[PDB]
file protein25.txt (compact mmCIF, C-alpha atoms)
# COMPACT_ATOMS: atom_id res chain seq x y z
CA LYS A 1 132.33 95.88 49.16
CA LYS A 2 134.15 98.54 47.09
CA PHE A 3 137.73 99.55 48.01
CA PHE A 4 139.59 102.88 47.83
CA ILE A 5 143.23 103.68 48.65
CA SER A 6 145.40 106.80 49.09
CA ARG A 7 148.10 108.07 46.70
CA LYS A 8 150.89 106.92 49.04
CA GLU A 9 149.38 103.40 48.92
CA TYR A 10 149.03 103.54 45.11
CA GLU A 11 152.71 104.58 44.89
CA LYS A 12 153.85 101.69 47.09
CA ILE A 13 151.74 99.35 44.92
CA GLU A 14 153.48 100.67 41.77
CA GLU A 15 156.83 99.80 43.40
CA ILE A 16 155.54 96.24 44.13
CA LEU A 17 154.33 95.99 40.52
CA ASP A 18 157.72 96.89 39.03
CA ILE A 19 159.43 94.15 41.08
CA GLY A 20 156.79 91.55 40.19
CA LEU A 21 157.25 92.49 36.53
CA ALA A 22 161.05 92.21 36.90
CA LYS A 23 160.61 88.71 38.39
CA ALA A 24 158.20 87.88 35.57
CA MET A 25 161.00 88.83 33.13
CA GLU A 26 163.54 86.71 35.05
CA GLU A 27 161.34 83.68 34.30
CA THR A 28 161.98 84.23 30.55
CA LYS A 29 165.80 84.15 30.80
CA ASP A 30 166.19 80.87 28.85
CA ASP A 31 163.51 81.79 26.27
CA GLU A 32 164.16 81.74 22.55
CA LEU A 33 164.32 85.29 21.22
CA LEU A 34 162.13 86.01 18.19
CA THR A 35 162.25 88.69 15.49
CA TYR A 36 159.15 90.76 14.65
CA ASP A 37 158.46 88.61 11.55
CA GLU A 38 158.80 85.45 13.70
CA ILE A 39 156.36 86.71 16.36
CA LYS A 40 153.53 87.24 13.82
CA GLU A 41 154.12 83.80 12.27
CA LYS B 1 141.60 108.51 46.50
CA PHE B 2 142.22 105.79 43.90
CA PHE B 3 139.71 103.05 43.09
CA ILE B 4 141.07 99.53 43.38
CA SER B 5 138.41 96.80 43.97
CA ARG B 6 138.38 93.87 44.36
CA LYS B 7 140.30 90.92 42.97
CA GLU B 8 143.25 93.32 43.14
CA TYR B 9 142.55 94.13 46.81
CA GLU B 10 142.72 90.39 47.61
CA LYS B 11 146.07 90.11 45.83
CA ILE B 12 147.41 93.03 47.88
CA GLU B 13 146.08 91.23 51.00
CA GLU B 14 148.05 88.11 50.04
CA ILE B 15 151.24 90.19 49.79
CA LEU B 16 150.47 91.70 53.20
CA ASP B 17 150.03 88.19 54.57
CA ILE B 18 153.41 87.09 53.18
CA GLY B 19 155.12 90.20 54.62
CA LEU B 20 153.70 89.39 58.06
CA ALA B 21 154.67 85.68 57.80
CA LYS B 22 158.18 86.87 56.91
CA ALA B 23 158.13 89.23 59.90
CA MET B 24 157.09 86.19 61.98
CA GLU B 25 159.99 84.11 60.56
CA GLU B 26 162.39 86.70 62.03
CA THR B 27 161.13 85.56 65.44
CA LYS B 28 161.58 81.80 64.85
CA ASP B 29 164.43 81.55 67.41
CA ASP B 30 162.86 84.07 69.85
CA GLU B 31 162.46 83.28 73.54
CA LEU B 32 158.80 82.44 74.08
CA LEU B 33 157.42 84.22 77.16
CA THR B 34 154.44 83.12 79.29
CA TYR B 35 151.25 85.17 79.84
CA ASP B 36 152.67 86.02 83.29
CA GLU B 37 156.07 87.20 82.00
CA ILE B 38 154.67 89.68 79.42
CA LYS B 39 153.59 93.10 80.74
CA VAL C 1 149.46 81.43 75.29
CA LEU C 2 153.10 82.23 74.56
CA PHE C 3 154.58 85.51 73.35
CA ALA C 4 157.71 85.95 71.26
CA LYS C 5 160.13 88.53 72.67
CA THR C 6 159.64 90.68 69.53
CA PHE C 7 155.83 90.76 70.01
CA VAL C 8 156.54 92.80 73.19
CA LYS C 9 158.64 95.32 71.22
CA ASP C 10 155.92 95.36 68.55
CA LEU C 11 153.36 96.24 71.23
CA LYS C 12 155.30 99.38 72.30
CA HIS C 13 154.46 101.07 68.96
CA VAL C 14 150.73 100.33 69.11
CA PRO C 15 148.10 102.98 70.04
CA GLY C 16 146.40 102.65 73.44
CA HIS C 17 143.00 101.74 71.99
CA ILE C 18 144.40 98.90 69.84
CA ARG C 19 146.51 97.53 72.72
CA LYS C 20 143.24 97.48 74.71
CA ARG C 21 141.61 95.45 71.90
CA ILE C 22 144.65 93.11 71.84
CA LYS C 23 144.47 92.74 75.65
CA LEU C 24 140.81 91.65 75.30
CA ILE C 25 141.90 89.05 72.71
CA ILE C 26 144.67 87.70 74.97
CA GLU C 27 142.31 87.67 77.97
CA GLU C 28 139.71 85.65 76.03
CA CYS C 29 142.58 83.44 74.87
CA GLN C 30 143.57 82.91 78.53
CA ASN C 31 140.03 81.86 79.52
CA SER C 32 139.27 79.57 76.55
CA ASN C 33 142.58 78.84 74.74
CA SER C 34 140.71 79.55 71.50
CA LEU C 35 140.09 82.48 69.16
CA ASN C 36 136.52 83.22 68.06
CA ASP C 37 136.46 83.58 64.27
CA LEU C 38 132.85 84.89 64.44
CA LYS C 39 133.95 87.93 66.46
CA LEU C 40 137.52 88.33 65.20
CA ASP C 41 138.82 88.78 61.65
CA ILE C 42 141.07 85.71 61.43
CA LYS C 43 142.82 84.41 58.32
CA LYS C 44 145.17 81.50 57.72
CA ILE C 45 148.34 82.67 55.90
CA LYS C 46 148.89 80.68 52.67
CA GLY C 47 152.22 78.94 51.96
CA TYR C 48 152.94 78.30 55.63
CA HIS C 49 151.85 75.54 58.02
CA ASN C 50 150.51 77.20 61.16
CA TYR C 51 150.51 80.96 60.59
CA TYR C 52 147.38 83.07 61.02
CA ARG C 53 146.69 86.82 60.93
CA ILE C 54 144.10 88.70 63.00
CA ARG C 55 143.12 92.17 61.74
CA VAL C 56 142.71 94.85 64.45
CA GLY C 57 142.02 98.14 62.68
CA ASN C 58 145.11 98.93 60.62
CA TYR C 59 147.17 96.41 62.62
CA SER C 60 147.74 92.73 61.90
CA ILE C 61 148.61 90.30 64.68
CA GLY C 62 150.74 87.41 63.44
CA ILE C 63 150.20 84.21 65.40
CA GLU C 64 151.50 80.68 65.17
CA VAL C 65 149.26 77.85 66.31
CA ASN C 66 151.48 74.86 67.16
CA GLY C 67 149.04 72.10 68.13
CA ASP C 68 147.05 73.44 71.08
CA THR C 69 149.70 76.12 71.75
CA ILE C 70 148.91 79.68 70.60
CA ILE C 71 151.96 81.90 70.06
CA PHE C 72 151.68 85.65 69.55
CA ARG C 73 154.65 86.49 67.34
CA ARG C 74 154.17 89.98 65.80
CA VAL C 75 151.81 92.98 65.77
CA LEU C 76 152.36 95.42 62.89
CA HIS C 77 150.70 98.32 61.13
CA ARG C 78 149.77 97.90 57.43
CA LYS C 79 152.50 100.42 56.47
CA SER C 80 155.17 98.56 58.45
CA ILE C 81 154.38 95.22 56.75
CA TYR C 82 155.18 96.62 53.28
CA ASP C 83 158.81 96.72 54.46
CA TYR C 84 159.43 93.02 55.26
CA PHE C 85 160.37 91.90 51.73
CA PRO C 86 164.00 91.05 50.78
CA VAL D 1 163.62 94.48 18.52
CA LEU D 2 163.52 90.93 19.80
CA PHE D 3 160.69 89.11 21.57
CA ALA D 4 161.04 86.44 24.26
CA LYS D 5 159.00 83.33 23.50
CA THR D 6 156.87 84.00 26.63
CA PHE D 7 155.81 87.46 25.29
CA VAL D 8 153.78 85.61 22.60
CA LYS D 9 152.02 83.56 25.30
CA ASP D 10 151.43 86.83 27.21
CA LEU D 11 149.97 88.51 24.12
CA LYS D 12 147.19 85.91 23.68
CA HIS D 13 145.67 87.33 26.90
CA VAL D 14 145.93 91.04 25.97
CA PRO D 15 142.74 92.70 24.60
CA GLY D 16 142.47 94.26 21.12
CA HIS D 17 142.68 97.89 22.22
CA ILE D 18 145.90 97.30 24.16
CA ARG D 19 147.36 95.16 21.36
CA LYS D 20 146.88 98.13 18.99
CA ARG D 21 148.80 100.43 21.38
CA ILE D 22 151.60 97.83 21.75
CA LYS D 23 151.84 97.59 17.94
CA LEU D 24 152.32 101.39 17.72
CA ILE D 25 155.09 101.02 20.34
CA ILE D 26 156.76 98.17 18.39
CA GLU D 27 156.38 100.05 15.08
CA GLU D 28 158.10 103.16 16.44
CA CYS D 29 161.14 101.59 18.10
CA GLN D 30 161.59 99.43 14.98
CA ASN D 31 162.84 102.47 13.01
CA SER D 32 164.31 104.46 15.93
CA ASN D 33 165.58 101.51 18.07
CA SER D 34 164.87 103.54 21.23
CA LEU D 35 161.96 103.81 23.66
CA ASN D 36 162.66 107.44 24.63
CA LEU D 37 158.02 109.10 22.58
CA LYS D 38 155.01 109.83 24.80
CA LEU D 39 155.65 106.52 26.61
CA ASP D 40 154.99 105.96 30.29
CA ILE D 41 158.39 104.27 30.64
CA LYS D 42 160.49 103.80 33.77
CA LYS D 43 163.66 101.96 34.75
CA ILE D 44 162.98 99.18 37.28
CA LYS D 45 165.05 99.75 40.44
CA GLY D 46 167.26 96.92 41.72
CA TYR D 47 167.64 95.33 38.28
CA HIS D 48 170.08 95.50 35.38
CA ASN D 49 168.78 96.91 32.09
CA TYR D 50 165.10 96.31 32.97
CA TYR D 51 162.38 98.78 32.00
CA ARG D 52 158.61 98.95 32.41
CA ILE D 53 156.16 100.59 29.97
CA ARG D 54 152.61 101.13 31.31
CA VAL D 55 149.88 100.68 28.71
CA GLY D 56 146.60 101.31 30.54
CA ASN D 57 146.33 98.43 33.01
CA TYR D 58 149.04 96.39 31.27
CA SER D 59 152.80 96.61 31.80
CA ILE D 60 155.36 95.64 29.19
CA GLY D 61 158.63 94.36 30.66
CA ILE D 62 161.64 95.20 28.49
CA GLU D 63 165.31 94.29 28.69
CA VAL D 64 167.88 96.39 26.86
CA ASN D 65 170.88 94.15 26.13
CA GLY D 66 173.44 96.68 24.91
CA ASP D 67 171.78 98.05 21.78
CA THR D 68 169.07 95.37 21.58
CA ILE D 69 165.55 95.96 22.92
CA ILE D 70 163.93 92.71 24.09
CA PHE D 71 160.22 92.55 24.80
CA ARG D 72 159.99 89.94 27.56
CA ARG D 73 156.58 90.26 29.27
CA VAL D 74 153.22 91.95 28.88
CA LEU D 75 151.01 91.51 31.91
CA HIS D 76 147.82 92.89 33.43
CA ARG D 77 148.52 94.50 36.83
CA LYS D 78 146.38 91.81 38.54
CA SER D 79 148.63 89.09 37.08
CA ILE D 80 151.89 90.79 38.16
CA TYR D 81 151.10 90.29 41.89
CA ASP D 82 151.74 86.54 41.70
CA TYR D 83 155.39 87.07 40.65
CA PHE D 84 155.95 89.16 43.79
CA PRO D 85 157.79 88.03 45.91

call {"tool": "encode", "arguments": {"input": "protein25.txt", "output": "structure tokens"}}
result
Amino acid sequence: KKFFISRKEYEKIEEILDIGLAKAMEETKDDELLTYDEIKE
Amino acid sequence: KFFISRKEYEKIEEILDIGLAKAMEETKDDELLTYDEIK
Amino acid sequence: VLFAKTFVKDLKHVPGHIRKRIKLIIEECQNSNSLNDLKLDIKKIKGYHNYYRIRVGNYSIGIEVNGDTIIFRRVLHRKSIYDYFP
Amino acid sequence: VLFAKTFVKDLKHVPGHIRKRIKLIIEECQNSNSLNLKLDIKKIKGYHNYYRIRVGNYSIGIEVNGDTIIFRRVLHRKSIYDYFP
């Protein structure tokens, strides 16, 4: 019930994670852009 | 080795499922052979 | 049971002992036209209608169940699946 | 630096100890306007001007539009899986 993977598997997973993150960013394309002052509100 | 468990393992399994489904979609127009024909 | 052409190519790159296990599955499928989920590791694939995966060691068999018809479509190693994304 | 609206939504889920590390990252590129810094930063392959910074189990997704650094996402690795594929 506890899982362990190799380094080659970890590396492939990091590649998957970059693409997912890229697609996550694509979802924000029409977002208002905020300054630092604006983000703390 | 690198620890992963466990909610993350399931998410990786989902991706593996989608990759296989996609692999299966490549065969959508394939000739379907009978049990007899395959050897 | 029906078998997609590609499933036959897929089976060429499968170790003897796993092919044997797959043969057993197909044989039991030929006798009962069902797959035993108590003996086999069978999972419905989300986001699709009739796709299921059966885990045999490091290999996944991709099957489509269209009504009563069972179609063996692919058999791939874990490492080979990571490659099927556009 | 600029911040996509979604980044704020993303930040409400990030724990204190990571939020402190992100602040140090924001603070530094505010005066330097560069992310080059002991940062685990990499360019995301297949995309234009996209970069990932790893902060423990979180990843910050950044776009560099010319000379502007835009913080777009900050996500736990478990959450990133859903956006693939």

call {"tool": "atom_distance", "arguments": {"input": "protein25.txt", "atom1": "CA of residue 28 (chain C)", "atom2": "CA of residue 40 (chain C)"}}
result
11.4 Å

call {"tool": "residues_around", "arguments": {"input": "protein25.txt", "residues": "residue 32 (chain B)", "least_positions_apart": "6", "cutoff": "6 Å", "atoms": "only C-alpha atoms", "output": "VMD selection string"}}
result
chain C and resid 2 to 4

call {"tool": "closest_atom_pairs", "arguments": {"input": "protein25.txt", "of": "chain A", "to": "chain C", "cutoff": "12 Å", "atoms": "all atoms listed in the file", "output": "Markdown table"}}
result
| residue | atom | partner | partner_atom | distance |
| --- | --- | --- | --- | --- |
| A:8 | CA | C:79 | CA | 10.0 |
| A:9 | CA | C:79 | CA | 8.7 |
| A:11 | CA | C:82 | CA | 11.8 |
| A:12 | CA | C:82 | CA | 8.1 |
| A:13 | CA | C:82 | CA | 9.4 |
| A:15 | CA | C:82 | CA | 10.5 |
| A:16 | CA | C:82 | CA | 9.2 |
| A:19 | CA | C:85 | CA | 10.9 |

call {"tool": "closest_residue", "arguments": {"input": "protein25.txt", "among": "D:64, D:14, D:69, D:44", "to": "chain A", "atoms": "only C-alpha atoms"}}
result
D:44

call {"tool": "interface_residues", "arguments": {"input": "protein25.txt", "of": "chain C", "to": "chain B", "cutoff": "12 Å", "atoms": "only C-alpha atoms", "output": "compact mmCIF listing (two decimals) with C-alpha atoms, keeping the file's coordinate frame"}}
result
# COMPACT_ATOMS: atom_id res chain seq x y z
CA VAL C 1 149.46 81.43 75.29
CA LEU C 2 153.10 82.23 74.56
CA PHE C 3 154.58 85.51 73.35
CA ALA C 4 157.71 85.95 71.26
CA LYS C 5 160.13 88.53 72.67
CA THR C 6 159.64 90.68 69.53
CA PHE C 7 155.83 90.76 70.01
CA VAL C 8 156.54 92.80 73.19
CA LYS C 9 158.64 95.32 71.22
CA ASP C 10 155.92 95.36 68.55
CA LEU C 11 153.36 96.24 71.23
CA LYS C 12 155.30 99.38 72.30
CA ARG C 19 146.51 97.53 72.72
CA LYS C 23 144.47 92.74 75.65
CA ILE C 26 144.67 87.70 74.97
CA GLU C 27 142.31 87.67 77.97
CA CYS C 29 142.58 83.44 74.87
CA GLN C 30 143.57 82.91 78.53
CA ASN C 31 140.03 81.86 79.52
CA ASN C 33 142.58 78.84 74.74
CA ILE C 42 141.07 85.71 61.43
CA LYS C 43 142.82 84.41 58.32
CA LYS C 44 145.17 81.50 57.72
CA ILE C 45 148.34 82.67 55.90
CA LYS C 46 148.89 80.68 52.67
CA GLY C 47 152.22 78.94 51.96
CA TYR C 48 152.94 78.30 55.63
CA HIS C 49 151.85 75.54 58.02
CA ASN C 50 150.51 77.20 61.16
CA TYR C 51 150.51 80.96 60.59
CA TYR C 52 147.38 83.07 61.02
CA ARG C 53 146.69 86.82 60.93
CA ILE C 54 144.10 88.70 63.00
CA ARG C 55 143.12 92.17 61.74
CA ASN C 58 145.11 98.93 60.62
CA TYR C 59 147.17 96.41 62.62
CA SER C 60 147.74 92.73 61.90
CA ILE C 61 148.61 90.30 64.68
CA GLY C 62 150.74 87.41 63.44
CA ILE C 63 150.20 84.21 65.40
CA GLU C 64 151.50 80.68 65.17
CA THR C 69 149.70 76.12 71.75
CA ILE C 70 148.91 79.68 70.60
CA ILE C 71 151.96 81.90 70.06
CA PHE C 72 151.68 85.65 69.55
CA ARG C 73 154.65 86.49 67.34
CA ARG C 74 154.17 89.98 65.80
CA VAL C 75 151.81 92.98 65.77
CA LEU C 76 152.36 95.42 62.89
CA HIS C 77 150.70 98.32 61.13
CA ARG C 78 149.77 97.90 57.43
CA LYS C 79 152.50 100.42 56.47
CA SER C 80 155.17 98.56 58.45
CA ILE C 81 154.38 95.22 56.75
CA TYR C 82 155.18 96.62 53.28
CA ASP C 83 158.81 96.72 54.46
CA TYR C 84 159.43 93.02 55.26
CA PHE C 85 160.37 91.90 51.73
CA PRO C 86 164.00 91.05 50.78

call {"tool": "interface_residues", "arguments": {"input": "protein25.txt", "of": "chain D", "to": "chain B", "cutoff": "12 Å", "atoms": "only C-alpha atoms", "output": "list in words"}}
result
residues 57, 76, 77, 78, 79, 80, 81, 82, 83, 84 and 85 of chain D

call {"tool": "write_last_selection", "arguments": {"input": "protein25.txt", "atoms": "C-alpha atoms", "output": "tab-separated table (two decimals), in the frame of the given file"}}
result
chain	number	residue	atom	x	y	z
D	57	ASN	CA	146.33	98.43	33.01
D	76	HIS	CA	147.82	92.89	33.43
D	77	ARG	CA	148.52	94.50	36.83
D	78	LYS	CA	146.38	91.81	38.54
D	79	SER	CA	148.63	89.09	37.08
D	80	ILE	CA	151.89	90.79	38.16
D	81	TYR	CA	151.10	90.29	41.89
D	82	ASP	CA	151.74	86.54	41.70
D	83	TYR	CA	155.39	87.07	40.65
D	84	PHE	CA	155.95	89.16	43.79
D	85	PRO	CA	157.79	88.03	45.91

call {"tool": "closest_atom_pairs", "arguments": {"input": "protein25.txt", "of": "chain A", "to": "chain D", "cutoff": "10 Å", "atoms": "all atoms listed in the file", "output": "Markdown table"}}
result
| residue | atom | partner | partner_atom | distance |
| --- | --- | --- | --- | --- |
| A:13 | CA | D:81 | CA | 9.6 |
| A:14 | CA | D:77 | CA | 9.3 |
| A:15 | CA | D:44 | CA | 8.7 |
| A:16 | CA | D:84 | CA | 7.1 |
| A:17 | CA | D:80 | CA | 6.2 |
| A:18 | CA | D:44 | CA | 6.0 |
| A:19 | CA | D:84 | CA | 6.7 |
| A:20 | CA | D:84 | CA | 4.4 |
| A:21 | CA | D:80 | CA | 5.9 |
| A:22 | CA | D:50 | CA | 7.0 |
| A:23 | CA | D:83 | CA | 5.9 |
| A:24 | CA | D:83 | CA | 5.9 |
| A:25 | CA | D:72 | CA | 5.8 |
| A:26 | CA | D:72 | CA | 8.9 |
| A:27 | CA | D:6 | CA | 8.9 |
| A:28 | CA | D:6 | CA | 6.4 |
| A:29 | CA | D:4 | CA | 8.4 |
| A:30 | CA | D:4 | CA | 8.9 |
| A:31 | CA | D:5 | CA | 5.5 |
| A:32 | CA | D:5 | CA | 5.5 |
| A:33 | CA | D:4 | CA | 4.6 |
| A:34 | CA | D:3 | CA | 4.8 |
| A:35 | CA | D:2 | CA | 5.0 |
| A:36 | CA | D:2 | CA | 6.8 |
| A:37 | CA | D:2 | CA | 10.0 |
| A:38 | CA | D:3 | CA | 8.9 |
| A:39 | CA | D:8 | CA | 6.8 |
| A:40 | CA | D:8 | CA | 8.9 |

call {"tool": "atom_distance", "arguments": {"input": "protein25.txt", "atom1": "CA of residue 4 (chain B)", "atom2": "CA of residue 41 (chain C)"}}
result
21.3 Å

call {"tool": "interface_residues", "arguments": {"input": "protein25.txt", "of": "chain B", "to": "chain A", "cutoff": "7 Å", "atoms": "all atoms listed in the file", "output": "PyMOL selection string"}}
result
chain B and resi 1-6

call {"tool": "write_last_selection", "arguments": {"input": "protein25.txt", "atoms": "C-alpha atoms", "output": "mmCIF file, in the coordinates of the input"}}
result
data_model
loop_
_atom_site.group_PDB
_atom_site.id
_atom_site.type_symbol
_atom_site.label_atom_id
_atom_site.label_comp_id
_atom_site.auth_asym_id
_atom_site.auth_seq_id
_atom_site.Cartn_x
_atom_site.Cartn_y
_atom_site.Cartn_z
ATOM 1 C CA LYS B 1 141.600 108.510 46.500
ATOM 2 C CA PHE B 2 142.220 105.790 43.900
ATOM 3 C CA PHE B 3 139.710 103.050 43.090
ATOM 4 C CA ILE B 4 141.070 99.530 43.380
ATOM 5 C CA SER B 5 138.410 96.800 43.970
ATOM 6 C CA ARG B 6 138.380 93.870 44.360
#

call {"tool": "atom_distance", "arguments": {"input": "protein25.txt", "atom1": "CA of residue 21 (chain D)", "atom2": "CA of residue 9 (chain D)"}}
result
17.6 Å

call {"tool": "build_atoms", "arguments": {"input": "protein25.txt", "residues": "region 5-22 of chain B", "atoms": "N, CA, C and O atoms", "output": "PDB file, in the coordinates of the input"}}
result
ATOM      1  N   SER B   5     139.203  98.051  43.960  1.00  0.00           N
ATOM      2  CA  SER B   5     138.410  96.800  43.970  1.00  0.00           C
ATOM      3  C   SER B   5     138.667  95.813  42.809  1.00  0.00           C
ATOM      4  O   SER B   5     138.845  96.227  41.663  1.00  0.00           O
ATOM      5  N   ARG B   6     138.659  94.505  43.075  1.00  0.00           N
ATOM      6  CA  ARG B   6     138.380  93.870  44.360  1.00  0.00           C
ATOM      7  C   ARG B   6     139.261  92.638  44.376  1.00  0.00           C
ATOM      8  O   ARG B   6     139.884  92.315  45.391  1.00  0.00           O
ATOM      9  N   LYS B   7     139.316  91.965  43.226  1.00  0.00           N
ATOM     10  CA  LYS B   7     140.300  90.920  42.970  1.00  0.00           C
ATOM     11  C   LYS B   7     141.714  91.444  43.211  1.00  0.00           C
ATOM     12  O   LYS B   7     142.571  90.710  43.704  1.00  0.00           O
ATOM     13  N   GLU B   8     141.951  92.710  42.870  1.00  0.00           N
ATOM     14  CA  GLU B   8     143.250  93.320  43.140  1.00  0.00           C
ATOM     15  C   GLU B   8     143.505  93.550  44.628  1.00  0.00           C
ATOM     16  O   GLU B   8     144.628  93.347  45.107  1.00  0.00           O
ATOM     17  N   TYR B   9     142.467  93.973  45.349  1.00  0.00           N
ATOM     18  CA  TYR B   9     142.550  94.130  46.810  1.00  0.00           C
ATOM     19  C   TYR B   9     142.990  92.836  47.491  1.00  0.00           C
ATOM     20  O   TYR B   9     143.847  92.872  48.369  1.00  0.00           O
ATOM     21  N   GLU B  10     142.398  91.713  47.079  1.00  0.00           N
ATOM     22  CA  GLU B  10     142.720  90.390  47.610  1.00  0.00           C
ATOM     23  C   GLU B  10     144.186  90.035  47.357  1.00  0.00           C
ATOM     24  O   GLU B  10     144.858  89.473  48.212  1.00  0.00           O
ATOM     25  N   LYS B  11     144.667  90.351  46.156  1.00  0.00           N
ATOM     26  CA  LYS B  11     146.070  90.110  45.830  1.00  0.00           C
ATOM     27  C   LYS B  11     146.992  90.942  46.726  1.00  0.00           C
ATOM     28  O   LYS B  11     148.015  90.457  47.188  1.00  0.00           O
ATOM     29  N   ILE B  12     146.626  92.192  46.981  1.00  0.00           N
ATOM     30  CA  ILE B  12     147.410  93.030  47.880  1.00  0.00           C
ATOM     31  C   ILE B  12     147.387  92.449  49.296  1.00  0.00           C
ATOM     32  O   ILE B  12     148.402  92.493  49.986  1.00  0.00           O
ATOM     33  N   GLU B  13     146.233  91.897  49.700  1.00  0.00           N
ATOM     34  CA  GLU B  13     146.080  91.230  51.000  1.00  0.00           C
ATOM     35  C   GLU B  13     146.997  90.031  51.140  1.00  0.00           C
ATOM     36  O   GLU B  13     147.586  89.833  52.195  1.00  0.00           O
ATOM     37  N   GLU B  14     147.103  89.225  50.082  1.00  0.00           N
ATOM     38  CA  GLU B  14     148.050  88.110  50.040  1.00  0.00           C
ATOM     39  C   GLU B  14     149.490  88.559  50.274  1.00  0.00           C
ATOM     40  O   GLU B  14     150.214  87.928  51.027  1.00  0.00           O
ATOM     41  N   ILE B  15     149.898  89.643  49.621  1.00  0.00           N
ATOM     42  CA  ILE B  15     151.240  90.190  49.790  1.00  0.00           C
ATOM     43  C   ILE B  15     151.468  90.631  51.232  1.00  0.00           C
ATOM     44  O   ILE B  15     152.533  90.382  51.806  1.00  0.00           O
ATOM     45  N   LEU B  16     150.442  91.254  51.813  1.00  0.00           N
ATOM     46  CA  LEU B  16     150.470  91.700  53.200  1.00  0.00           C
ATOM     47  C   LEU B  16     150.584  90.530  54.146  1.00  0.00           C
ATOM     48  O   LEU B  16     151.251  90.629  55.161  1.00  0.00           O
ATOM     49  N   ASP B  17     149.948  89.417  53.795  1.00  0.00           N
ATOM     50  CA  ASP B  17     150.030  88.190  54.570  1.00  0.00           C
ATOM     51  C   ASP B  17     151.432  87.595  54.550  1.00  0.00           C
ATOM     52  O   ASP B  17     151.920  87.122  55.581  1.00  0.00           O
ATOM     53  N   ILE B  18     152.057  87.600  53.373  1.00  0.00           N
ATOM     54  CA  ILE B  18     153.410  87.090  53.180  1.00  0.00           C
ATOM     55  C   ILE B  18     154.435  87.962  53.923  1.00  0.00           C
ATOM     56  O   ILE B  18     155.376  87.441  54.520  1.00  0.00           O
ATOM     57  N   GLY B  19     154.248  89.280  53.886  1.00  0.00           N
ATOM     58  CA  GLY B  19     155.120  90.200  54.620  1.00  0.00           C
ATOM     59  C   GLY B  19     155.071  89.952  56.127  1.00  0.00           C
ATOM     60  O   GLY B  19     156.097  90.014  56.806  1.00  0.00           O
ATOM     61  N   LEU B  20     153.875  89.668  56.641  1.00  0.00           N
ATOM     62  CA  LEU B  20     153.700  89.390  58.060  1.00  0.00           C
ATOM     63  C   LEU B  20     154.312  88.039  58.441  1.00  0.00           C
ATOM     64  O   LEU B  20     155.013  87.953  59.430  1.00  0.00           O
ATOM     65  N   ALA B  21     154.027  86.999  57.655  1.00  0.00           N
ATOM     66  CA  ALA B  21     154.670  85.680  57.800  1.00  0.00           C
ATOM     67  C   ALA B  21     156.200  85.794  57.824  1.00  0.00           C
ATOM     68  O   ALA B  21     156.873  85.134  58.621  1.00  0.00           O
ATOM     69  N   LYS B  22     156.741  86.625  56.944  1.00  0.00           N
ATOM     70  CA  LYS B  22     158.180  86.870  56.910  1.00  0.00           C
ATOM     71  C   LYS B  22     158.655  87.572  58.175  1.00  0.00           C
ATOM     72  O   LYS B  22     159.684  87.208  58.737  1.00  0.00           O
TER      73      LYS B  22
END
